[PDB]
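Before any comments, here is the structure.
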Amino acid sequence: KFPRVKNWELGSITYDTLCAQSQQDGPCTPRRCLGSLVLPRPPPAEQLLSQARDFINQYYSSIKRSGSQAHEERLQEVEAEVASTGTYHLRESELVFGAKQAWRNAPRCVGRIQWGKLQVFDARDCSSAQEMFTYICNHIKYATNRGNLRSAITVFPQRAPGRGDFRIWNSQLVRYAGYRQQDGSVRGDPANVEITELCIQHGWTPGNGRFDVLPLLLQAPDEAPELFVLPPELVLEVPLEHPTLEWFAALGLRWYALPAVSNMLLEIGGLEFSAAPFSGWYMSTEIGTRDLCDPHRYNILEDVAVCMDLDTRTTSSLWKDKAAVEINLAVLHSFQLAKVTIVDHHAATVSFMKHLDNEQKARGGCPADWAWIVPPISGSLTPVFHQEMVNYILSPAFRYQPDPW
Amino acid sequence: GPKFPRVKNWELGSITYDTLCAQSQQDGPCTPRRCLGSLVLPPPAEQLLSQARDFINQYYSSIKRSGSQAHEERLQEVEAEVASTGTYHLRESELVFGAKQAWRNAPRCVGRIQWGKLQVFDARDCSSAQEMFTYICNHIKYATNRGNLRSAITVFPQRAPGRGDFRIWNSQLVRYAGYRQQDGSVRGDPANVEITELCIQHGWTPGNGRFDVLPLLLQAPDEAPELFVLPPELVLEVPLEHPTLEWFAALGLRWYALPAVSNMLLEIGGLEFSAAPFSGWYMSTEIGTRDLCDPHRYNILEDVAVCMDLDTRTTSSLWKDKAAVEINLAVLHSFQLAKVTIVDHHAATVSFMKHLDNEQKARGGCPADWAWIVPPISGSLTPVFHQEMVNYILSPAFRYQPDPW
Ligand code: HEM
Ligand code: HEM
Ligand SMILES: N=C(NCCC[C@H](N)C(=O)N[C@@H](CCN)C(N)=O)N[N+](=O)[O-]
Ligand SMILES: N=C(NCCC[C@H](N)C(=O)N[C@@H](CCN)C(N)=O)N[N+](=O)[O-]
Ligand SMILES: C[C@H](O)[C@H](O)[C@H]1CNc2nc(N)[nH]c(=O)c2N1
Ligand SMILES: C[C@H](O)[C@H](O)[C@H]1CNc2nc(N)[nH]c(=O)c2N1
Ligand SMILES: [Zn+2]
């Protein structure tokens, strides 16, 4: 029934009872495990109503007023609206609780110890792409806070039956352009070649650098997306330098301060918010290891290794490993020097272990995706590597959705 | 699309579908409700017959005589033998095929590109613990081959109804003792404290070093295990030194050349070989990262970092990452200098990607455990991190079994 969960470094054991609350299926079956796969392969009134009731029940339990008079009336309100219109609307307080629970429930997030502190901006009164842009600029300004980053989420209008969705085409609010060139090489970020081309197609005059901030493509229901350029002063960037390798700064690398996912769907009580960008702060390995070292991304490993005069002739000199460590150290040093919030992978995983213990006491478990929680470098040097994890889907939740184009 | 799991490589953008998983006849630990992929450890003549028929079918398919008169005759011979004795026995060629397939099918082994090159030593005529020791010493001599390691497996008699099992109590043929200290600490390998104590309880006079090779505790059917000391000349070890850090040699670290798992059960056609030690050669991270750096093992990170004069007072200095890389480099360098076979994690993972492609063409897939295939350091710097994997159980197989005590 309840899975037994062991930590091999400490020998401690726990049982996950929270998974019993999962009402949505994952990709695995007794025949085969697909845990390492990245992506998965009006609604029934009864179904929506059951999801709504469960959520409202979650909400009243959180404010210690379960079964109260307020609880009963709210349940009747939801019942009334769904029966007459096929859908319903959340009160702002419920939306706030819901957004925090969705973060708390995200199996792939190692930063969940911060779940209770989230600034929620209600943007459900948005009726145009231009209004979306204003809300997004205010989100960025509040979240960045001159380097003292604050977690936030802005929630745009929910999906509605037979009507197009509000969407942000960009995968993050701040991303660097990727320009395809003659022989097929890429200047900038290869991961963003498609969005860059769409921006150009929608009238953007492209730059030609390696770190050009992309404009936003915002879309209101059933209308073509509109292009908006972020005011440079709102986008805080950090030039990268190394504490002892004087020549590193000359590589001309930099990264933006604010990580802000904008392509995920927020589901709360059966309602779906197709545009609900959220942001916290970076864990250093995201930039130092994946963005800068992935072979299909900036792929700077060899350049740095050569500068360090390492032997790139064979794998056994571990030049890739050495270069990677220095690049991650540069990221940490640079953000600290620029006074911009960032967390290293050791600190982040240590806090996640504390989060697991807190949740075991609070809810009897914590859904977690081991392959995503363990950092991309120095995996076993962190406590999470030695910790067995149980992965499952709880609601409220953040989920992937199809690209709008 | 195809009704089989779709598998993507995110570095290359390539896609394959796994059709081999359709051949699995044993369920794993996952369900649609929750994934337990990160967990380490999650006869009826009628049942035995089905497993035996499947295996014989696999064997005749491998030699391209499926459906032949010989295939049908062998199936009848197995049914007749099980009918009158309750079990059956494998032909020499069937055992060789079976042992190679068990390795080929092992989801947690990154060295499977070598699967077709396994020397299978038949020891099914073994009748005493003394003879088991002779077979084991012969395995070690052949496999070590003075540093030019050769993959091998020695198969002792299968389990038989009502009769005791043949068992090797040690987890590996070569392991270092772990001595619990007065203050509660451990001198040596913390992972081997239990087996060490059992050896002492069975008459072994312990040493007092950090790298004392343990004696073997061998068990013949229905007899107390017997103690055997391995002749030092047969156990090849490698003193550890670093290519540029001259003081590393002074730490007095060392490791053995031969990795030889001895506590796993080899299952072929329903038959169970409780004692079937196998050995290949080490991937450097096994020693440099797990054995030497795990907190619950030798735990030498701080010692090395202090010698490197790193800032061990803060996580952001990445002292653990820096020390781990140098320790792994020392292991590679030392084995190479000693002319002892070893493979670095970059070379091993590249060879495994080739294996995946070979198996896609040969069998339509390859069961693989992502959490185990991705190395413990520099995960995303290797190609396997970016490769989705499907995990499932195929037989013949190597399985864990309960400790004999
Ligand atoms: C406070 C600092 C935070 C830290 C350090 C943190 C860190 C991380 C990291 C390292 C990842 C993996 C990213 C990747 O590899 O692509 C991640 C994923 C995720 N985080 Fe957090 N996070 C933070 C705040 C937030 C906030 C504020 C939310 C939402 C309210 C959130 C929701 C998620 C979700 C949904 C994912 C999975 C996204 C995906 O599947 O691509 N995180 N986070
Ligand atoms: C030829 C060189 C080989 C290399 C480099 C290699 C490497 C590895 C590595 C790195 C692991 C993970 C070990 C751990 O983290 O505990 C592993 C696991 C495994 N290997 Fe291989 N292997 C080789 C040969 C073999 C042979 C000859 C067999 C059997 C005939 C084999 C059977 C397995 C099995 C069953 C596991 C899983 C063990 C467990 O679950 O604890 N390997 N191998
Ligand atoms: N630290 C965060 N990390 C998640 C966002 C950055 C991540 N490294 C990334 O590049 N995510 C892709 C994932 C696309 N599926 C994106 N949204 O563009 N988030 N945060 O709120 O603090
Ligand atoms: N490379 C191998 N690795 C597996 C053996 C060494 C591994 N690092 C290890 O310590 N395995 C534990 C497994 C504990 N479940 C043992 N048997 O003592 N095997 N080989 O045949 O080449
Ligand atoms: C194939 C594999 O699932 C994929 O490369 C995953 C592994 N772990 C990850 N972990 C994090 N945090 N982020 C990622 O993008 C990935 N990618
Ligand atoms: C809890 C987690 O499954 C555990 O620490 C695993 C992870 N991956 C591993 N991978 C390998 N090769 N060997 C191991 O012992 C482990 N341990
Ligand atoms: Zn699974």
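One is the number of the first residue shown, and numbering goes on along the chain from there.
Structure determined by X-ray crystallography, 1.7 Å.
Just so it is clear, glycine is given a Cβ too, placed from its N, Cα and C backbone atoms.
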Given that Swiss-Prot lists A:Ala371, A:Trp372, A:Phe385 as binding (6R)-L-erythro-5,6,7,8-tetrahydrobiopterin, which residue among A:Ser22, A:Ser36, A:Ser50 does it place in the same site?
A:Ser36
Note: in the chain of A:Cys28 (Zn(2+) binding site), residues six or more apart in sequence with C-beta under 8 angstroms of its C-beta are A:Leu34, A:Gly35
Per DSSP (helix/strand/coil reduction), A:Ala371 ((6R)-L-erythro-5,6,7,8-tetrahydrobiopterin binding site) sits in helix
Please give the (6R)-L-erythro-5,6,7,8-tetrahydrobiopterin site's span as the largest CA-CA distance among A:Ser36, A:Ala371, A:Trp372, A:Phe385, to the nearest whole angstrom.
15
I'd like to know which of the binding-site residues A:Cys33, A:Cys109, A:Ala371 has the most other Cβ atoms within 10 Å of its Cβ.
A:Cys33
Assigned element (helix, strand, coil) containing A:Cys28 (Zn(2+) binding site), judged by DSSP
coil
May I ask you to pick out the binding-site residues among A:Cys109, A:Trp372, A:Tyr400 with a CB closer than 8 angstroms to chain B's CB atoms, ordered by sequence, or 'none' if no residue qualifies?
none
Per-residue Cβ crowding (10 Å cut-off), top of binding-site residues A:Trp372, A:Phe385, A:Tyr400
A:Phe385
Across 9 unbuilt residues, the C-alpha atoms of A:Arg41 and A:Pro42 lie a whole number of Å apart, namely 23
Pairwise Cα distance for A:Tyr400 (heme b binding site)/A:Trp372 ((6R)-L-erythro-5,6,7,8-tetrahydrobiopterin binding site) [Å, integer]:
15
Given the binding-site residues A:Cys28, A:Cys33, A:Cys109, A:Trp372, A:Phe385, A:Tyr400, return the subset with CB under 6 A from an atom of ligand 5, ordered by sequence, or none if empty.
A:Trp372
